[PDB]
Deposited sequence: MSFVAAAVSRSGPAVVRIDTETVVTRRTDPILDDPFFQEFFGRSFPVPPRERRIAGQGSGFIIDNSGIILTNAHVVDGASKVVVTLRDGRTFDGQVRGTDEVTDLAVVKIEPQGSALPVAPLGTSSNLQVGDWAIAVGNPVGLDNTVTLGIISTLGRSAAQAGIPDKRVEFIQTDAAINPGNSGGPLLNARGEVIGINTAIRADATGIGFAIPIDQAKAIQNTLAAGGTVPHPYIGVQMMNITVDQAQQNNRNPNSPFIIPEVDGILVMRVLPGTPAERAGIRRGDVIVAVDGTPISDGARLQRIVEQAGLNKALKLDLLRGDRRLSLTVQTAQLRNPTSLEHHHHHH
């Protein structure tokens, strides 16, 4: 089986982290990737497939990406290393191999394909469970292209994503995740004026197509800037938006603590406020 050769290649680097979960060694220095939710805030014991029980510390965590970097001290035999691939060239329908180490001696291995592609997130019909969460998702050649994340379709954090924030979580563990605190929705004129003809809709949307503020989250830059539920942000900057996905981007392209003006109308009144981007936590 072609998967056997893949498991033989990256499998010995897949470790147990103990609540529980899996991880995998990134290089001989003792740098291990896993899920942040595998690490309940503390800083764990790492068991290799050969039985060696090192002692690991959690050098970083990104909660919103759900991935941690654990460290162990290389001693005796060389720490096995899983070869990193790249997730930027993944094809929908390519083989996917989910490897975990639930006990610390064997490798549990499931097989599937790339079920869908977000770059943003990976889906697979390979059985993903607590038994392999934090462990690697490999391609047919046995190089890691994702990090299994348990919650028949499973999810994996792309490997190019973890590469980006590796050094950071290796060092001081705080990744820039700018935000404002607004649960928005895509609104359509033909949804809006259609809303406006239902006698029991909460608020009349001011026609138009846009992002309808559905909720203002407590203690957020959007609450502090006086944004209300039912508001409609029409233009940020001068850029007309109707996408709730697109707005998430421009926030991030702006720094942390970056003032962004918001042209929005409150039913009838035209209203412009400036939120200042905070760090999601």
Per the record, the structure omits deposited positions 1, 20-55, 81, 157-168, 202-206, 337-348
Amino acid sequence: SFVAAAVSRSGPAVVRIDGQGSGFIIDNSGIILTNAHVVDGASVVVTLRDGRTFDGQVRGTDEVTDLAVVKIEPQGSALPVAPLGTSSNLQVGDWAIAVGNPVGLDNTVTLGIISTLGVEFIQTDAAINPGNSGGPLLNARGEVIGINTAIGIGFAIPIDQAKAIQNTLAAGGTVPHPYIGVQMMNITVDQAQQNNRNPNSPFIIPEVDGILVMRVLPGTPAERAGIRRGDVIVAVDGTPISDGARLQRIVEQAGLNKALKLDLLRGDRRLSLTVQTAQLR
From here on, numbers count along this sequence of modelled residues.
Comparing 82-90 with 132-140, where is the mean C-alpha B-factor higher?
-> 82-90
120-128 versus 101-109 - greater average Cα B-factor per the deposited record = 101-109
Looking only at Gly146, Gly181, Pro178, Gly172, the Cα with the top B-factor belongs to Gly172
Out of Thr65, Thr34, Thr220, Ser43, which shows the largest CA B-factor listed in the entry?
-> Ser43
C-alpha B factor of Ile17, ranked within the chain: lowest, middle or highest third?
-> middle
Which third of the chain does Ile159 land in by C-alpha B-factor: lowest, middle or highest?
-> lowest
Can you work out whether the C-alpha temperature factor of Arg266 puts it in the lowest, middle or highest third of the chain?
-> middle
Taking the entry's C-alpha B-factors for this chain, is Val234 in the lowest, middle or highest third?
-> highest
Can you work out whether the C-alpha temperature factor of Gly30 puts it in the lowest, middle or highest third of the chain?
-> middle
